[PDB]
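The residues of the chain are indexed from 1 along the displayed sequence. As a basis for the values below, the full set of heavy atoms in this structure was taken, side chains included, without hydrogen atoms, waters or symmetry mates. First listed ligand is number 1; within each ligand, the first listed atom is number 1.
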Amino acid sequence: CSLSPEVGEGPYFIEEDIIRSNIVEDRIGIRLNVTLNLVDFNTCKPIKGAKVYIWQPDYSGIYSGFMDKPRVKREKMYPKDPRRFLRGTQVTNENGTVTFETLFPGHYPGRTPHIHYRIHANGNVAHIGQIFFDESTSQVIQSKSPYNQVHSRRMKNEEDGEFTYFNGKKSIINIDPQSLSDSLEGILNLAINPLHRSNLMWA
Ligand SMILES: C[As](C)(=O)[O-]
Ligand SMILES: [Fe+3]
């Protein structure tokens, strides 16, 4: 029940309430259910009412809102298209839990596969992080369609700057092995400080 690491937001958060479980839209990939259980790191008690946002790239490494191929990092990052696939928000229930129906994320040059998340509690940005995957799980996914028709080198977790800098080992989702055989099933327990103001947002 130790404090989960924070990880940089990166440049592609879009602060919009899109409150839905299934975030897939028209995207193609392998279905993945992601369950996040939040607890207060002081007490280990579930946190109720916290808004959890996630965003992630599609199989080819594309973020919605930023679909133009050359995305250049800037001070002022604004979306240039209205698409919002693979983005959503859910509110934690009585047990501190949200579930999202998503896809396994793509990689893009210079990054390992990951899902971004951001948590609002008490009118503050309490926690910003990233979800990483076990190397064995990543391997199995890359041998499947459509990920097997992306031909770029996949960066591994140990090569990834964000994983290394921000202690990504503590943020690896646990995939049920049973479910690598309708939909993959992942659980990640997080311990956060709901009275923290994160300074890891881009803007
Ligand atoms: C108004 As809020 C808890 O989404 O920062
Ligand atoms: Fe990213």
Starting from atom 5 (O) of ligand 1, which protein heavy atom do you reach first, and at what distance in Å?
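Of the protein heavy atoms, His120 ND1, 3.1 Å lies nearest.
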Identity and separation of the nearest protein heavy atom to atom 1 (C) of ligand 1:
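The closest heavy atom on the protein side is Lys51 NZ, 4.6 Å.
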Those atoms of ligand 1 less than 4.0 Å from some heavy atom in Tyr53:
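With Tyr53 as reference, the close atoms of ligand 1 come out as 4 (O).
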Check this for me: does any side-chain nitrogen of one of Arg83 and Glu25 sit under 4.0 Å from a carboxylate oxygen of the other?
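A salt bridge links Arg83 with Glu25.
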Should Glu135 and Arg154 count as an ion pair when the cut-off is N to O under 4.0 Å?
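Between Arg154 and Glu135 there is a salt bridge, with a charged N closer than 4.0 Å to a carboxylate O.
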How open is the angle at the Fe ion (ligand 2) from atom NE2 of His116 over to atom NE2 of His114, rounded to 10 degrees?
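NE2 of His116 and NE2 of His114 make an angle of 90° at the Fe ion (ligand 2), to the nearest 10°.
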Got more than 12 heavy atoms from elsewhere within 6.0 Å of OH, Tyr59?
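No, the 6.0 Å shell around OH holds no more than 12 heavy atoms from other groups.
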State whether the side chain of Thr92 and the backbone N or O of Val98 hold a donor-acceptor pair below 3.5 Å, judged by distance alone.
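Answer holds: no.
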Using a 3.5 Å distance criterion without hydrogens, assess whether the side chain of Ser143 forms a donor-acceptor pair with backbone atoms of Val140.
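Here the side-chain-to-backbone pair exists.
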Short N/O distance, under 3.5 Å, between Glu15 and ligand 1?
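No, since none of the N or O atoms of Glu15 sits under 3.5 Å from an N or O of ligand 1.
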Protein non-hydrogen atom found under 4.0 Å from atom 3 (C) of ligand 1
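Under 4.0 Å from atom 3 (C) of ligand 1, at least one protein heavy atom found.
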Is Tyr108 close enough to the Fe ion (ligand 2) to have an N, O or S atom under 2.8 Å?
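Checking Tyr108: at least one N, O or S atom is under 2.8 Å.
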Can you tell me if an N/O/S atom from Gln56 lies under 2.8 Å from the Fe ion (ligand 2)?
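Under 2.8 Å: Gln56 has no N, O or S contact with the Fe ion (ligand 2).
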Separation of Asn22 CG from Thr99 OG1 (nearest 0.5 Å)
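These two atoms lie 12.0 Å from each other.
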